[PDB]
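Containing compact mmCIF, C-alpha atoms (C1' of nucleotides) and all ligand atoms: structure_20.txt.
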```
# COMPACT_ATOMS: atom_id res chain seq x y z
CA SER N 298 108.83 107.43 69.47
CA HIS N 299 105.20 107.06 70.56
CA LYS N 300 103.89 108.76 67.43
CA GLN N 301 106.36 106.79 65.30
CA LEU N 302 105.23 103.47 66.79
CA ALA N 303 101.55 104.32 66.37
CA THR N 304 102.14 105.23 62.73
CA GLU N 305 104.12 102.04 62.14
CA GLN N 306 101.20 100.13 63.65
CA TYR N 307 98.83 101.81 61.20
CA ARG N 308 101.13 100.93 58.29
CA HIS N 309 101.26 97.35 59.56
CA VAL N 310 97.46 97.26 59.69
CA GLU N 311 97.26 98.43 56.09
CA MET N 312 99.69 95.78 54.82
CA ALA N 313 97.83 93.12 56.81
CA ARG N 314 94.57 94.21 55.16
CA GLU N 315 96.01 94.04 51.65
CA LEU N 316 97.48 90.60 52.31
CA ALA N 317 94.05 89.47 53.50
CA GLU N 318 92.79 90.66 50.12
CA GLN N 319 95.51 88.63 48.40
CA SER N 320 94.54 85.57 50.46
CA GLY N 321 90.95 85.89 49.26
CA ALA N 322 92.17 86.24 45.68
CA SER N 323 94.24 83.08 46.17
CA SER N 324 91.17 81.17 47.38
CA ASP N 325 89.18 82.27 44.33
CA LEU N 326 92.03 81.26 42.04
CA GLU N 327 92.15 77.89 43.80
CA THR N 328 88.49 77.27 42.99
CA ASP N 329 89.02 78.32 39.37
CA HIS N 330 92.05 76.04 39.03
CA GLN N 331 90.13 73.10 40.49
CA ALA N 332 87.61 73.67 37.71
CA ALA N 333 90.44 73.89 35.18
CA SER N 334 91.93 70.57 36.31
CA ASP N 335 88.51 68.94 36.01
CA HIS N 336 88.30 70.28 32.46
CA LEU N 337 91.74 68.88 31.63
CA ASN N 338 90.75 65.46 32.92
CA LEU N 339 87.59 65.53 30.89
CA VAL N 340 89.47 66.42 27.76
CA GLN N 341 91.96 63.65 28.32
CA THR N 342 89.19 61.14 28.66
CA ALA N 343 87.48 62.36 25.55
CA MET N 344 90.66 62.04 23.58
CA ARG N 345 91.17 58.50 24.73
CA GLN N 346 87.72 57.38 23.65
CA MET B 1 132.21 104.16 97.36
CA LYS B 2 128.80 105.46 96.29
CA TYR B 3 127.95 108.16 98.87
CA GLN B 4 130.47 110.87 99.68
CA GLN B 5 131.29 111.09 103.39
CA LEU B 6 131.17 114.48 105.12
CA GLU B 7 133.23 114.89 108.27
CA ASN B 8 131.27 117.60 110.08
CA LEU B 9 128.11 115.50 109.59
CA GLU B 10 129.31 111.95 110.27
CA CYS B 11 131.25 113.17 113.31
CA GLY B 12 128.12 114.75 114.76
CA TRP B 13 126.36 111.47 114.04
CA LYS B 14 129.07 109.56 115.91
CA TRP B 15 128.96 111.94 118.87
CA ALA B 16 125.18 111.64 119.12
CA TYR B 17 125.37 107.85 118.83
CA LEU B 18 127.99 107.57 121.57
CA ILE B 19 126.09 109.92 123.88
CA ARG B 20 122.93 107.89 123.28
CA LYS B 21 124.75 104.64 124.05
CA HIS B 22 126.27 106.08 127.23
CA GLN B 23 122.88 107.36 128.36
CA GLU B 24 121.55 103.86 127.65
CA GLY B 25 124.17 102.32 129.96
CA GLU B 26 126.43 100.83 127.29
CA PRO B 27 130.12 100.94 128.33
CA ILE B 28 131.54 103.38 125.79
CA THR B 29 135.14 103.17 126.99
CA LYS B 30 137.63 100.33 127.36
CA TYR B 31 138.47 101.25 130.97
CA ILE B 32 137.02 98.83 133.50
CA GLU B 33 137.85 101.17 136.38
CA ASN B 34 134.93 103.55 136.80
CA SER B 35 137.08 106.64 137.34
CA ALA B 36 138.84 106.47 133.97
CA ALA B 37 135.60 105.63 132.17
CA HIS B 38 133.83 108.59 133.76
CA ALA B 39 136.74 110.90 132.93
CA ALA B 40 136.70 109.80 129.29
CA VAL B 41 132.92 110.20 129.12
CA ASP B 42 133.22 113.71 130.55
CA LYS B 43 135.89 114.49 127.96
CA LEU B 44 133.47 113.31 125.28
CA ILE B 45 130.58 115.30 126.76
CA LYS B 46 132.60 118.51 126.78
CA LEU B 47 134.00 117.51 123.37
CA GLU B 48 130.76 118.46 121.59
CA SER B 49 131.06 120.60 118.47
CA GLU B 50 134.29 118.94 117.32
CA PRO B 51 134.80 116.39 114.51
CA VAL B 52 138.59 116.40 114.36
CA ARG B 53 138.83 115.63 118.08
CA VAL B 54 135.87 113.28 118.48
CA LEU B 55 137.56 111.09 115.87
CA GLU B 56 140.73 111.05 117.98
CA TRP B 57 138.66 110.39 121.10
CA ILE B 58 137.18 107.36 119.37
CA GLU B 59 140.62 106.16 118.32
CA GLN B 60 141.96 106.46 121.88
CA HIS B 61 139.19 105.42 124.38
CA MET B 62 136.55 103.62 122.31
CA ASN B 63 135.42 100.20 123.50
CA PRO B 64 136.92 97.56 121.15
CA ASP B 65 133.70 95.57 120.80
CA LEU B 66 131.54 98.51 119.66
CA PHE B 67 133.64 99.43 116.61
CA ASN B 68 131.74 97.18 114.21
CA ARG B 69 128.32 98.22 115.51
CA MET B 70 129.19 101.91 115.27
CA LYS B 71 130.60 101.45 111.77
CA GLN B 72 127.49 99.71 110.48
CA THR B 73 125.19 102.19 112.23
CA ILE B 74 127.01 105.04 110.49
CA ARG B 75 126.81 103.17 107.19
CA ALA B 76 123.04 102.87 107.54
CA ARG B 77 122.73 106.49 108.66
CA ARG B 78 124.69 107.69 105.63
CA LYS B 79 122.65 105.61 103.20
CA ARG B 80 119.35 106.75 104.70
CA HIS B 81 120.49 110.38 104.80
CA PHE B 82 121.37 110.33 101.11
CA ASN B 83 118.28 108.35 100.06
CA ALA B 84 115.82 110.52 102.00
CA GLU B 85 116.22 113.39 99.53
CA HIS B 86 114.02 111.99 96.75
CA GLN B 87 110.66 110.27 97.04
CA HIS B 88 111.48 107.36 94.76
CA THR B 89 114.63 106.48 96.71
CA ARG B 90 112.90 106.54 100.09
CA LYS B 91 111.80 103.34 101.82
CA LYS B 92 108.32 102.63 103.23
CA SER B 93 108.09 100.52 106.41
CA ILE B 94 104.99 98.40 107.12
CA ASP B 95 103.93 95.69 109.57
CA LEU B 96 102.68 92.32 108.30
CA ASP B 97 100.78 89.70 110.28
CA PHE B 98 102.99 86.70 110.98
CA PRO B 99 101.25 84.16 108.68
CA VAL B 100 101.25 86.55 105.71
CA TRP B 101 104.90 87.41 106.29
CA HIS B 102 105.76 83.73 106.64
CA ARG B 103 104.18 82.88 103.29
CA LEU B 104 105.74 85.89 101.57
CA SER B 105 109.20 85.07 102.92
CA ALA B 106 108.72 81.45 101.88
CA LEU B 107 108.05 82.61 98.32
CA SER B 108 110.97 85.06 98.37
CA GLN B 109 113.45 82.46 99.62
CA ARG B 110 112.11 79.92 97.12
CA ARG B 111 112.54 82.23 94.13
CA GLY B 112 115.74 83.94 95.27
CA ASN B 113 114.13 87.39 95.02
CA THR B 114 113.87 90.12 97.63
CA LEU B 115 110.62 91.12 99.28
CA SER B 116 110.26 94.09 96.95
CA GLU B 117 111.05 92.05 93.84
CA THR B 118 108.78 89.19 94.91
CA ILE B 119 105.84 91.50 95.55
CA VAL B 120 106.45 93.37 92.28
CA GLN B 121 106.45 90.12 90.32
CA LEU B 122 103.32 88.90 92.09
CA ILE B 123 101.44 92.17 91.45
CA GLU B 124 102.49 92.08 87.80
CA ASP B 125 101.17 88.52 87.54
CA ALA B 126 97.91 89.61 89.20
CA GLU B 127 97.54 92.38 86.62
CA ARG B 128 98.34 89.90 83.86
CA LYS B 129 95.66 87.54 85.18
CA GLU B 130 93.19 90.43 85.20
CA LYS B 131 94.03 91.17 81.57
CA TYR B 132 93.74 87.47 80.73
CA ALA B 133 90.24 87.38 82.23
CA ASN B 134 89.49 90.81 80.75
CA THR U 2 84.08 121.60 92.33
CA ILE U 3 86.55 119.74 90.09
CA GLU U 4 88.01 123.13 89.16
CA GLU U 5 89.14 123.30 92.79
CA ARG U 6 91.98 121.08 91.59
CA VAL U 7 93.26 123.59 89.03
CA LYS U 8 92.64 126.69 91.12
CA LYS U 9 94.47 124.90 93.92
CA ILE U 10 97.43 123.51 91.97
CA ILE U 11 98.03 126.83 90.20
CA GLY U 12 98.49 128.57 93.53
CA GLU U 13 100.62 125.75 94.90
CA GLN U 14 102.80 126.17 91.79
CA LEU U 15 102.94 129.99 91.75
CA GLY U 16 102.92 131.00 95.43
CA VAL U 17 99.65 132.92 95.10
CA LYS U 18 96.46 132.06 96.99
CA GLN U 19 93.24 130.63 95.59
CA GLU U 20 91.56 133.99 94.99
CA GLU U 21 94.69 135.80 93.81
CA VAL U 22 94.47 134.43 90.26
CA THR U 23 92.12 136.36 87.97
CA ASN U 24 90.69 134.75 84.84
CA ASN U 25 91.52 137.81 82.72
CA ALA U 26 95.22 137.77 83.63
CA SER U 27 98.03 135.77 82.02
CA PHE U 28 100.48 133.42 83.71
CA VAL U 29 103.48 134.45 81.61
CA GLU U 30 103.60 138.07 82.78
CA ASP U 31 100.69 138.82 85.14
CA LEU U 32 101.58 136.08 87.65
CA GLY U 33 105.38 136.41 87.67
CA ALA U 34 105.97 132.84 86.48
CA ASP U 35 108.72 132.76 83.86
CA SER U 36 109.23 130.13 81.16
CA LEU U 37 110.56 127.53 83.59
CA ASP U 38 107.83 128.26 86.12
CA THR U 39 105.11 127.94 83.48
CA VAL U 40 106.60 124.66 82.27
CA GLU U 41 106.52 123.42 85.86
CA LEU U 42 102.92 124.59 86.23
CA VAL U 43 101.71 122.87 83.06
CA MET U 44 103.58 119.70 83.97
CA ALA U 45 102.05 119.66 87.45
CA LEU U 46 98.62 120.08 85.86
CA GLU U 47 99.45 117.14 83.60
CA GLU U 48 100.48 115.07 86.62
CA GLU U 49 97.40 115.93 88.67
CA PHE U 50 94.87 114.74 86.08
CA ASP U 51 96.88 111.64 85.09
CA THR U 52 96.69 112.72 81.45
CA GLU U 53 98.94 114.04 78.67
CA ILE U 54 99.21 117.43 76.98
CA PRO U 55 101.39 117.86 73.86
CA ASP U 56 103.53 120.93 73.34
CA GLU U 57 101.11 122.57 70.93
CA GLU U 58 98.08 122.35 73.20
CA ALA U 59 100.22 123.15 76.24
CA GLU U 60 101.35 126.47 74.77
CA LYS U 61 97.77 127.86 74.76
CA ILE U 62 97.40 128.00 78.56
CA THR U 63 99.10 131.37 79.10
CA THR U 64 95.79 132.73 80.42
CA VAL U 65 94.17 131.74 83.70
CA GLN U 66 90.91 130.51 82.20
CA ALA U 67 92.59 128.14 79.75
CA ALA U 68 93.77 125.94 82.63
CA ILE U 69 90.17 124.80 83.09
CA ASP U 70 89.07 125.25 79.48
CA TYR U 71 91.07 122.26 78.26
CA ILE U 72 90.25 120.33 81.45
CA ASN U 73 86.45 120.50 81.54
CA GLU S 1088 109.50 93.10 66.75
CA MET S 1089 107.41 96.26 67.17
CA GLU S 1090 105.61 94.98 70.27
CA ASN S 1091 108.96 95.01 72.07
CA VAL S 1092 109.36 98.68 71.13
CA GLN S 1093 105.85 99.32 72.46
CA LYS S 1094 106.89 97.77 75.78
CA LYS S 1095 110.02 99.94 75.78
CA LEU S 1096 107.77 102.95 75.23
CA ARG S 1097 105.74 101.90 78.26
CA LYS S 1098 108.97 101.72 80.26
CA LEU S 1099 109.93 105.22 79.11
CA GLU S 1100 106.44 106.42 80.00
CA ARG S 1101 106.74 105.14 83.56
CA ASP S 1102 110.17 106.77 83.85
CA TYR S 1103 108.66 110.06 82.65
CA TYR S 1104 105.86 109.64 85.17
CA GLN S 1105 108.40 109.20 87.98
CA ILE S 1106 110.47 112.22 86.94
CA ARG S 1107 107.23 114.20 86.82
CA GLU S 1108 106.30 113.44 90.42
CA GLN S 1109 109.84 114.33 91.44
CA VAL S 1110 109.58 117.71 89.72
CA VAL S 1111 106.10 118.56 91.00
CA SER S 1112 107.09 117.66 94.57
CA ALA S 1113 110.22 119.79 94.23
CA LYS S 1114 108.16 122.78 93.08
CA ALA S 1115 105.63 122.25 95.87
CA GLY S 1116 108.47 122.35 98.39
CA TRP S 1117 110.05 125.34 96.68
CA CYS S 1118 106.87 127.46 96.81
CA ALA S 1119 106.94 127.95 100.58
CA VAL S 1120 110.68 128.60 100.82
CA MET S 1121 110.42 131.29 98.16
CA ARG S 1122 107.49 132.82 100.02
CA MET S 1123 109.40 133.07 103.29
CA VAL S 1124 112.77 134.04 101.80
CA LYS S 1125 111.23 136.98 99.97
CA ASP S 1126 111.89 138.95 103.20
CA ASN S 1127 115.07 140.34 101.59
CA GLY S 1128 116.94 137.06 102.12
CA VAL S 1129 116.72 136.00 98.47
CA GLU S 1130 117.38 139.45 96.98
CA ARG S 1131 121.15 138.98 97.07
CA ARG S 1132 122.06 137.10 100.26
CA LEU S 1133 120.96 133.52 99.62
CA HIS S 1134 120.98 133.70 95.81
CA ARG S 1135 124.74 133.40 95.39
CA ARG S 1136 124.23 132.75 91.69
CA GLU S 1137 128.01 132.29 91.41
CA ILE O 594 128.31 127.20 74.88
CA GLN O 595 130.95 125.29 76.82
CA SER O 596 133.45 128.15 76.44
CA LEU O 597 130.88 130.63 77.74
CA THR O 598 129.95 128.28 80.57
CA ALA O 599 133.59 127.99 81.60
CA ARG O 600 133.89 131.78 81.53
CA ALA O 601 130.58 132.25 83.37
CA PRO O 602 131.34 131.66 87.07
CA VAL O 603 134.29 134.05 87.05
CA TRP O 604 132.18 136.76 85.42
CA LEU O 605 129.27 136.17 87.78
CA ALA O 606 131.43 136.34 90.91
CA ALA O 607 133.08 139.47 89.52
CA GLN O 608 129.70 141.08 88.89
CA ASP O 609 128.46 140.26 92.38
CA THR O 610 131.61 141.62 94.02
CA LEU O 611 131.49 144.80 91.94
CA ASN O 612 127.80 145.34 92.67
CA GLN O 613 128.36 144.92 96.40
CA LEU O 614 131.34 147.28 96.36
CA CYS O 615 129.55 149.97 94.35
CA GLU O 616 126.28 149.75 96.29
CA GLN O 617 128.27 150.11 99.50
CA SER O 618 129.19 153.43 97.90
CA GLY O 619 126.56 155.89 96.78
CA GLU O 620 127.93 155.69 93.23
CA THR O 621 127.62 152.94 90.64
CA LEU O 622 130.80 152.09 88.74
CA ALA O 623 130.86 151.57 84.98
CA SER O 624 134.51 151.64 83.85
CA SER O 625 138.06 150.95 84.95
CA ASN O 626 138.80 154.64 84.46
CA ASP O 627 135.74 155.41 86.59
CA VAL O 628 137.14 153.19 89.34
CA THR O 629 140.37 155.17 89.09
CA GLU O 630 138.58 158.49 89.59
CA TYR O 631 136.69 156.94 92.51
CA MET O 632 140.08 156.04 93.99
CA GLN O 633 141.21 159.64 93.48
CA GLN O 634 138.11 160.94 95.27
CA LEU O 635 138.74 158.42 98.05
CA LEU O 636 142.29 159.73 98.42
CA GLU O 637 141.02 163.32 98.53
CA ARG O 638 138.48 162.52 101.23
CA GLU O 639 141.13 160.62 103.20
CA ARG O 640 143.73 163.39 103.02
CA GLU O 641 141.06 165.83 104.18
CA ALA O 642 139.59 163.81 107.02
CA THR O 643 143.06 163.04 108.36
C1' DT Z 1 140.60 90.90 104.44
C1' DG Z 2 138.03 95.45 105.65
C1' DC Z 3 135.11 98.91 103.94
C1' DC Z 4 130.61 99.87 101.85
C1' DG Z 5 126.11 99.37 100.05
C1' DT Z 6 122.10 96.66 100.82
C1' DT Z 7 118.50 93.83 102.84
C1' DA Z 8 115.42 92.20 106.73
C1' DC Z 9 114.37 92.40 110.38
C1' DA Z 10 113.26 94.41 116.05
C1' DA Z 11 111.42 98.04 119.37
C1' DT Z 12 109.12 101.95 120.20
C1' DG Z 13 106.35 106.04 119.18
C1' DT Z 14 102.10 108.38 116.65
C1' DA Z 15 98.38 109.56 113.87
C1' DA Z 16 94.25 108.04 112.12
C1' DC Z 17 90.22 105.10 111.80
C1' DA Z 18 86.50 101.79 113.91
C1' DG Z 19 84.39 99.77 117.72
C1' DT Z 20 82.25 99.53 122.33
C1' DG Z 21 79.69 100.78 126.31
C1' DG Z 22 78.27 104.38 129.70
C1' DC F 1 77.56 112.42 122.74
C1' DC F 2 81.60 111.18 124.85
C1' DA F 3 85.40 108.71 126.38
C1' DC F 4 88.34 104.82 126.22
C1' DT F 5 90.35 100.60 123.29
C1' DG F 6 91.71 97.88 119.41
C1' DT F 7 93.94 98.11 114.99
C1' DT F 8 96.68 99.67 110.76
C1' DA F 9 100.00 102.26 108.62
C1' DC F 10 103.48 104.41 108.84
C1' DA F 11 108.27 106.63 110.90
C1' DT F 12 112.72 106.32 113.39
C1' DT F 13 116.85 104.13 114.90
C1' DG F 14 119.82 100.06 115.55
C1' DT F 15 121.89 95.46 114.08
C1' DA F 16 123.35 91.13 111.80
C1' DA F 17 124.23 88.91 107.55
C1' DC F 18 125.39 88.93 102.33
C1' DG F 19 127.76 90.16 98.71
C1' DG F 20 130.78 93.49 95.73
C1' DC F 21 135.36 95.42 95.37
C1' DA F 22 140.31 97.35 96.33
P1 LIG N 1201 113.04 130.37 81.21
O1 LIG N 1201 114.24 131.28 81.34
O2 LIG N 1201 112.34 130.11 82.53
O3 LIG N 1201 113.62 128.94 80.74
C1 LIG N 1201 112.68 127.87 80.46
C2 LIG N 1201 113.46 126.63 80.01
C3 LIG N 1201 114.25 126.96 78.74
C4 LIG N 1201 114.45 126.25 81.11
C5 LIG N 1201 112.52 125.45 79.74
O4 LIG N 1201 111.91 125.02 80.95
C6 LIG N 1201 111.45 125.78 78.72
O5 LIG N 1201 110.54 126.55 79.01
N1 LIG N 1201 111.54 125.19 77.53
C7 LIG N 1201 110.53 125.34 76.50
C8 LIG N 1201 109.90 124.02 76.12
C9 LIG N 1201 110.92 123.03 75.57
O6 LIG N 1201 112.07 123.38 75.34
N2 LIG N 1201 110.50 121.78 75.38
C10 LIG N 1201 111.38 120.71 74.93
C11 LIG N 1201 110.67 119.38 74.88
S1 LIG N 1201 111.76 118.02 74.37
```
Could you write out this structure as C-alpha cells?
Ligand SMILES: *P(=O)(O)OCC(C)(C)[C@@H](O)C(=O)NCCC(=O)NCCS
Amino acid sequence: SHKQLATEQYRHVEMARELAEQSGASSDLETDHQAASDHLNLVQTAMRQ
Amino acid sequence: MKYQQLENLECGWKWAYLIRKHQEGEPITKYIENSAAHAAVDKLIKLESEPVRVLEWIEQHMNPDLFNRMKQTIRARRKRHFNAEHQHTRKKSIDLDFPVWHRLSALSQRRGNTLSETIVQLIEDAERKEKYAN
Amino acid sequence: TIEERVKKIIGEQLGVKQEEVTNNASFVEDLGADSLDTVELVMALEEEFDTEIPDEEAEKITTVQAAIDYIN
Amino acid sequence: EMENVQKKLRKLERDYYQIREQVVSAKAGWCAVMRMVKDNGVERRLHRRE
Amino acid sequence: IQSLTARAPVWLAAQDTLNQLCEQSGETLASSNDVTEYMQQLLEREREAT
DNA sequence: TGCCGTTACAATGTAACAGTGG
DNA sequence: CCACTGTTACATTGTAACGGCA
C-alpha cells in the first residue's frame, strides 16, 4: 500500500501539471478572445458609419 | 470475562494475601473470641499448598467485611499478571509534582479524557504546533 | 564504533558472542540460524537503526559482512 | 481522499513498529533461555513439540 | 493444510512415544511387523530369565 | 444486582544522578 | 577524593469508584 500510494501521488502530480498547462492555455485564449471582441466592436462601428 | 482464571494461581494469590493481612494485624476471621480466630488462622497457615481447601476456608471463616477488598485485589492482580507479559500492555508509574498534577487533572476532567488520552492529545498538538512553525 | 551495534545485535539474536562471528561465514548455515532466526535477525537490525529494508535488499545479508555493508 | 489513506498508512506503520519491538524483545529473551537449556533439557525433555 | 494440521498432533505424539520406546531399547523400530518380532524376542528373553 | 475490567490514586522501597561540605 | 543528602524515575501492592454486561 505504501508503494501504491506513492505511485498514485506521482500520477496525481502529473495530472496537476498538465492541468496547470491547460490553465495557461486558457489564459492565452482569454487574451486572444479579448482582442477578437475588440475587433468585432470595431467592425460593427465601421458598418454603422 | 476477558482473562481466564486459573485456580492453582488465584488460590495461591488469595493465600498469600490473607497471610499478609494477618501478619499486618487485620482480623481475617469473623470470630471475635481470640481462641477461634487463632485456631482458624492456624488452619489457614497449615493449609498452604491447597487451592480446593483454601477456597472452602474462605467460604467458612472469612471476615464478612473483607470479601469486597479481597475480590478487587484479586481482580487487579489478575489483570496485572496478564498484562505484564507484553511491553505494550504494561503500565509505567511516575510521580508528578502537585501543581503539575493538579493542572493535568483539571484538563482531563474538563475534556472527559483519561490521563493517558489527555497527555497523548496534548503531545500530538505540540507536534502539530511544531510542524505549523516548521 | 557504530559497527558495535551490529556486531552486538547479531550475537544477541544468535546466542553467539561478539568475537564468535567471522566475516567470511554465512548466517544461514555457518551460524545455525534457520529461516525464522534470520528473519528475526534482519528485523531486529531494522528496528535498531530505525530504518527500513525491503525484502530484496534484506535477502543479501546471508553473510556476516553484509550486515555492516548496507549499514555504513 | 488519498491523504486519508496516507494517514492510514502511518497508522499501519506505527502498528508494524510496535509488533517489531515485541518480536525483538521476545528474541532477546529467548536467546538466554536457549543458551541455558542446551544442557540436554531442550533435546527432547522441554521441547514437547506435540 | 487444515487437514494435515488436524492430523499433525496425533502423528507428532505418536512419533515421540515411539522414539522414546525404541531408544529405551537398543534397537530402532521401523515397522509394525518389526514391533511384532521385537515382542517375540521380548517373550523369549522373559521365558529364559524366568 | 454482582462480577469484571479499568482507572487513579496512596505508601513504601530502590537505583541512579547531582549537589554539598569535610 | 570521599561520604552523606536531595531528587527523579521507576516498581510493587492495595483500594475505591465507574462503567459494561449477564
Ligand atoms: P524456517 O523454517 O525458519 O521458516 C521461516 C518462516 C517461513 C517462518 C518465515 O519466518 C520466513 O522466513 N519467511 C520468508 C519471508 C516471507 O515469507 N516474507 C513475507 C512478507 S509479507
Within 6 Å of ligand LIG 1201 (chain N) (counting all atoms listed in the file), which residues show up? I'd like them as a ChimeraX atom specification. /U:35-37,40
Since we have the selection now, will you write its residues out, keeping C-alpha atoms, as a PDB file, keeping the file's coordinate frame?
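Contents of the output file again-v4.pdb:
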```
ATOM      1  CA  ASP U  35     108.720 132.760  83.860  1.00  0.00           C
ATOM      2  CA  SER U  36     109.230 130.130  81.160  1.00  0.00           C
ATOM      3  CA  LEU U  37     110.560 127.530  83.590  1.00  0.00           C
ATOM      4  CA  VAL U  40     106.600 124.660  82.270  1.00  0.00           C
TER       5      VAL U  40
END
```
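Summary of the local environment: counting only C-alpha atoms (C1' of nucleotides), residues at most 9 Å from segment 2-12 of chain F, other than itself and those fewer than 3 positions away along its chain, are residues 92, 93, 94 and 95 of chain B; 12, 13, 14, 15, 16, 17, 18, 19, 20 and 22 of chain Z.
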As a check of understanding: the span from atom CA of residue 28 of chain U to atom CA of residue 65 of chain U is 6.5 Å
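Here atom CA of residue 4 of chain U and atom CA of residue 73 of chain U stand 8.2 Å from one another.
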Just give me the residues with any atom within 10 Å of (100.8, 132.3, 91.9), file coordinates, counting only C-alpha atoms (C1' of nucleotides), written as a compact mmCIF listing (two decimals) with C-alpha atoms, in the frame of the given file.
```
# COMPACT_ATOMS: atom_id res chain seq x y z
CA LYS U 8 92.64 126.69 91.12
CA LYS U 9 94.47 124.90 93.92
CA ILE U 10 97.43 123.51 91.97
CA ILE U 11 98.03 126.83 90.20
CA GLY U 12 98.49 128.57 93.53
CA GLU U 13 100.62 125.75 94.90
CA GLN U 14 102.80 126.17 91.79
CA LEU U 15 102.94 129.99 91.75
CA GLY U 16 102.92 131.00 95.43
CA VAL U 17 99.65 132.92 95.10
CA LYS U 18 96.46 132.06 96.99
CA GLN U 19 93.24 130.63 95.59
CA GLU U 20 91.56 133.99 94.99
CA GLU U 21 94.69 135.80 93.81
CA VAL U 22 94.47 134.43 90.26
CA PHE U 28 100.48 133.42 83.71
CA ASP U 31 100.69 138.82 85.14
CA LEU U 32 101.58 136.08 87.65
CA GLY U 33 105.38 136.41 87.67
CA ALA U 34 105.97 132.84 86.48
CA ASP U 38 107.83 128.26 86.12
CA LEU U 42 102.92 124.59 86.23
CA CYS S 1118 106.87 127.46 96.81
```
For chain U, work out the contacting residues on chain S at 10 Å, counting all atoms listed in the file, and write them as JSON, numbers by chain. {"S": [1104, 1105, 1107, 1108, 1110, 1111, 1112, 1113, 1114, 1115, 1116, 1117, 1118, 1119, 1120, 1121, 1122]}
Counting all atoms listed in the file, which residues in chain B sit no more than 10 Å from chain S? For each one, give the nearest pair of atoms and the distance in Å, sorted by chain then residue number, as a tab-separated table.
```
residue	atom	partner	partner_atom	distance
B:86	CA	S:1109	CA	7.2
B:87	CA	S:1109	CA	7.0
B:88	CA	S:1105	CA	7.7
```
Which distance in Å separates atom CA of residue 16 of chain B and atom CA of residue 54 of chain B, to one decimal? 10.8 Å
Which residues come within 12 Å of residue 4 of chain Z, counting only C-alpha atoms (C1' of nucleotides), excluding same-chain residues fewer than 5 positions away, as a PyMOL selection string? (chain B and resi 1-5+71-76+78-79) or (chain F and resi 19-22)
Could you turn the residues from that selection into a file that holds C-alpha atoms (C1' of nucleotides), as a PDB file, in the coordinates of the input?
```
ATOM      1  CA  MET B   1     132.210 104.160  97.360  1.00  0.00           C
ATOM      2  CA  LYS B   2     128.800 105.460  96.290  1.00  0.00           C
ATOM      3  CA  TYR B   3     127.950 108.160  98.870  1.00  0.00           C
ATOM      4  CA  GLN B   4     130.470 110.870  99.680  1.00  0.00           C
ATOM      5  CA  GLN B   5     131.290 111.090 103.390  1.00  0.00           C
ATOM      6  CA  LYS B  71     130.600 101.450 111.770  1.00  0.00           C
ATOM      7  CA  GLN B  72     127.490  99.710 110.480  1.00  0.00           C
ATOM      8  CA  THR B  73     125.190 102.190 112.230  1.00  0.00           C
ATOM      9  CA  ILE B  74     127.010 105.040 110.490  1.00  0.00           C
ATOM     10  CA  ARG B  75     126.810 103.170 107.190  1.00  0.00           C
ATOM     11  CA  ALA B  76     123.040 102.870 107.540  1.00  0.00           C
ATOM     12  CA  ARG B  78     124.690 107.690 105.630  1.00  0.00           C
ATOM     13  CA  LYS B  79     122.650 105.610 103.200  1.00  0.00           C
TER      14      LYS B  79
ATOM     15  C1'  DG F  19     127.760  90.160  98.710  1.00  0.00           C
ATOM     16  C1'  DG F  20     130.780  93.490  95.730  1.00  0.00           C
ATOM     17  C1'  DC F  21     135.360  95.420  95.370  1.00  0.00           C
ATOM     18  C1'  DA F  22     140.310  97.350  96.330  1.00  0.00           C
TER      19       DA F  22
END
```
Pick out the residues sitting within 9 Å of segment 19-24 of chain B, and hand them over as number ranges by chain; count all atoms listed in the file, and ignore anything fewer than 4 positions along from it in its own chain. B: 14-15, 28, 41, 44-45
Can you write out as a tab-separated table which residues of chain Z fall within 12 Å of chain B, alongside each residue's closest atom pair and its distance in Å to one decimal, counting all atoms listed in the file and ordering rows by chain and ascending residue number?
```
residue	atom	partner	partner_atom	distance
Z:2	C1'	B:68	CA	10.8
Z:3	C1'	B:1	CA	8.9
Z:4	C1'	B:1	CA	6.4
Z:5	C1'	B:2	CA	7.6
Z:6	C1'	B:76	CA	9.2
Z:7	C1'	B:114	CA	7.9
Z:8	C1'	B:115	CA	8.9
Z:9	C1'	B:95	CA	11.0
Z:10	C1'	B:95	CA	11.4
```
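Set the cut-off at 12 Å, count all atoms listed in the file, and the residues of chain N near chain S turn out to be residues 298, 299, 300, 301, 302, 303, 304, 305, 306, 307, 308 and 309 of chain N.
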If we count all atoms listed in the file and set the cut-off at 8 Å, which residues sit around residue 61 of chain B, ignoring sequence neighbours fewer than 6 positions away in its own chain? Please answer as a ChimeraX atom specification. /B:29-31,40
Which chain O residues are at most 6 Å from chain S (counting only C-alpha atoms), as a ChimeraX atom specification? /O:602,605-606
With all atoms of segment 1098-1108 of chain S from the file as input, state the centre and edge lengths in Å to one decimal of the axis-aligned box that has 4 Å extra on each side, as lines of an AutoDock Vina configuration file.
```
center_x = 108.2
center_y = 108.0
center_z = 84.8
size_x = 12.6
size_y = 20.5
size_z = 19.3
```
Output file request: segment 14-18 of chain Z, with N, CA, C and O atoms (P, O5', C5', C4', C3', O3' and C1' of nucleotides), as a compact mmCIF listing (two decimals), in the first residue's frame.
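Generated file (selection27.txt):
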```
# COMPACT_ATOMS: atom_id res chain seq x y z
P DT Z 14 14.43 -1.94 49.83
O5' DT Z 14 15.02 -1.80 48.36
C5' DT Z 14 14.61 -0.72 47.56
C4' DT Z 14 15.25 -0.78 46.19
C3' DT Z 14 16.72 -0.43 46.16
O3' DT Z 14 17.37 -1.13 45.12
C1' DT Z 14 15.46 1.27 45.08
P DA Z 15 18.97 -1.11 45.02
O5' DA Z 15 19.24 -0.32 43.66
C5' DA Z 15 18.70 -0.80 42.44
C4' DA Z 15 18.72 0.29 41.39
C3' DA Z 15 20.09 0.89 41.12
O3' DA Z 15 20.36 0.93 39.74
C1' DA Z 15 18.53 2.61 41.65
P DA Z 16 21.86 1.17 39.22
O5' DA Z 16 21.89 2.73 38.87
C5' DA Z 16 21.07 3.23 37.83
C4' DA Z 16 20.88 4.73 37.97
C3' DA Z 16 22.17 5.53 37.94
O3' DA Z 16 22.31 6.22 36.70
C1' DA Z 16 20.61 6.33 39.59
P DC Z 17 23.69 6.96 36.36
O5' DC Z 17 23.44 8.47 36.80
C5' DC Z 17 22.49 9.27 36.11
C4' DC Z 17 22.12 10.49 36.92
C3' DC Z 17 23.28 11.48 37.12
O3' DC Z 17 22.97 12.73 36.52
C1' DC Z 17 22.08 11.09 39.15
P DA Z 18 24.05 13.92 36.52
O5' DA Z 18 23.73 14.75 37.85
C5' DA Z 18 22.52 15.47 37.97
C4' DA Z 18 22.56 16.39 39.16
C3' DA Z 18 23.83 17.23 39.28
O3' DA Z 18 23.53 18.54 39.72
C1' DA Z 18 23.60 15.86 41.20
```
